[PDB]
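Visitor: These protein sequence lines are chains C and L, in that order.
Here the deposited numbering is used: position 50 in the first sequence is 337, and no number is missing along the way.
Here the deposited numbering is used: position 22 in the second sequence is 568, and no number is missing along the way.
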Amino acid sequence: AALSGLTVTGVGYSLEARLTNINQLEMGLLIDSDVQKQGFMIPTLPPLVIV
Amino acid sequence: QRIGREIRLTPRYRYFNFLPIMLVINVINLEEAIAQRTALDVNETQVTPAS
C-alpha cells in the first residue's frame with residue numbers, strides 16, 4: 288500500500304572529464320612579490336633643569 | 547597558442563607536353579567473347595532465287 292503509485296525513471300546525468308593538453312592553454316595562478324617599507328623617526332622631549 | 551613539431555615537404559615540379567601525336571584504342575567485351583561460343587558469320591550467297 289505504501290508503494291502504490293511508485294514509478295521511478297532516470298532523467299539525466301553529469302560526467303567529469305579533464306582536458307589533459309600536452310601544450311596547454313591555461314594561465315594557472317600567477318605568483319609575485321611586493322615590498323612595503325616604512326619610515327620611523329624619533330623626536331626630542333621638553334627639558335628639565337635645576338638652577 | 548599551441549605547441550607542436552611539424553614536418554613539411556615542399557613539392558615543386560611540372561609536366562610539359564611537346565609532341566602533338568598520340569593514339570588510343572578501346573577494348574570492350576573481352577571476357578564475353580572467350581566466355582561463349584562464337585564462330586563463322588557467313589555471307590550466304592543466297593542462291594535460292596530472291597536476289
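For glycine and all other residues, C-beta sits at the position ideal for the given N, C-alpha and C.
Find out if the Cβ-Cβ distance for the pair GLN547 (chain L), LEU312 (chain C) is shorter than 8 Å.
Guide: Locating residue 547 (chain L) in the second sequence gives position 1, where the first residue counts as 1. Locating residue 312 (chain C) in the first sequence gives position 25, where the first residue counts as 1. Yes.
Visitor: Is any beta-carbon of chain C found at less than 8 Å from that of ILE549 (chain L)?
Guide: In the second sequence, the residue the question calls residue 549 (chain L) occupies position 3. For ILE549 (chain L), the answer is yes, since a Cβ of chain C falls inside 8 Å of its Cβ.
Visitor: Could you work out which residues of chain L lie near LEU312 (chain C), taking near to mean beta carbons separated by less than 8 Å?
Guide: Looking up residue 312 (chain C) in the first sequence gives position 25. Under the 8 Å cutoff, chain L gives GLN547, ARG548.
Visitor: Looking at the unbroken alpha helix (DSSP H) that takes in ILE580 (chain L), where does it start and where does it end?
Guide: For this step, residue 580 (chain L) is matched to residue 34 along the second sequence. Where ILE580 (chain L) is concerned, the enclosing alpha helix (DSSP H) stretches over 576 to 581.
Visitor: Mind reading off the beta-carbon distance from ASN310 (chain C) to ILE549 (chain L)? Whole number of angstroms is fine, and I expect it under 8 Å.
Guide: In the first sequence, the residue the question calls residue 310 (chain C) occupies position 23. In the second sequence, the residue the question calls residue 549 (chain L) occupies position 3. Correct: roughly 4 Å between the Cβ atoms.
Visitor: When you compare only the Cα positions, how much space is there between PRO595 (chain L) and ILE567 (chain L)?
Guide: By 1-based counting over the second sequence, the position of residue 595 (chain L) is 49. By 1-based counting over the second sequence, the position of residue 567 (chain L) is 21. The straight-line gap from Cα to Cα measures roughly 52 Å.
Visitor: Have a look at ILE571 (chain L) and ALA585 (chain L) and give me their C-alpha separation to the nearest angstrom.
Guide: For the purposes of this step, residue 571 (chain L) is identified with residue 25 of the second sequence, where counting begins at 1. For the purposes of this step, residue 585 (chain L) is identified with residue 39 of the second sequence, where counting begins at 1. Distance between the alpha carbons of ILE571 (chain L) and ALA585 (chain L) is about 24 Å.
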